[PDB]
């Protein structure tokens, strides 16, 4: 399916099944396909699942402008309005934790029943004056430098630390191939702009506006988004939030810990 955003950007999405809606927001480099197993799992169990390709990624258009969290959040708002969704459970992975949070902050939670943050960059990823524990911005500067030289090889190299293959996790060549194939669909511009967005956007104000049941899941083996300065803190800043830590799990735990995630999502919805 598609809808057209305010600025004319065509956004691809899937809308599967029937029942209370669960809307998924993918991470950097990937697209809606990253959720295929969670969507099938939940939609065969009484839920309606929706997942979009973020502007500049997957099967969506690749605008030069609007590659920032305020726009990402408004895109989600437009999708929700387009489908006229109510009592929706928002689920975000990695940088996608940011735009579902920013959606709530900018638009409120009248249409929202719950929030799930998976290995998310919330409440803040990069260093700030009062957050020296964050990731130094020159780390992300180097991401950009390498992406602007050879993004294809960057993505390929990213697989190892993403899935924790360098630390004993087992992930098939097939999954690594699919990851690279999907990532290559994306815009070079969007890919680099997203680094700026997730490196420097402060979601701490957002946390204070989240007034729905919230579940935070993170792997404490995460090499990409440090548990200690993200997931751990988000769970504290969001009133009433629940926290689940997957022991030694990597960043890409929707793959390595798929069954566990599926069951945790279902249990959250049934609460």
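Positions refer to the first chain, counted from 1.
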Query raised in the report: Do the CA atoms of 183-191 or those of 121-129 have the higher mean B-factor in the entry?
Result: 121-129
Query - 196-204 or 80-88, whichever carries the higher mean Cα B-factor - result: 80-88
**Report entry** Ranked C-alpha temperature factor of residue 145 among modelled chain residues, by third
**Finding:** middle
Report task. Using the B-factors in the PDB entry, rank residue 246's C-alpha atom against the chain and give the third, lowest, middle or highest. Result -> highest
Report task. Sorting the chain's modelled residues by C-alpha B-factor, tell me whether residue 215 ends up in the lowest, middle or highest third. Result -> middle
Report summary line: The third of the chain into which the C-alpha temperature factor of residue 231 falls is the middle
Query raised in the report: So where's residue 34 on the chain's Cα temperature factor ranking, which third?
Result: lowest
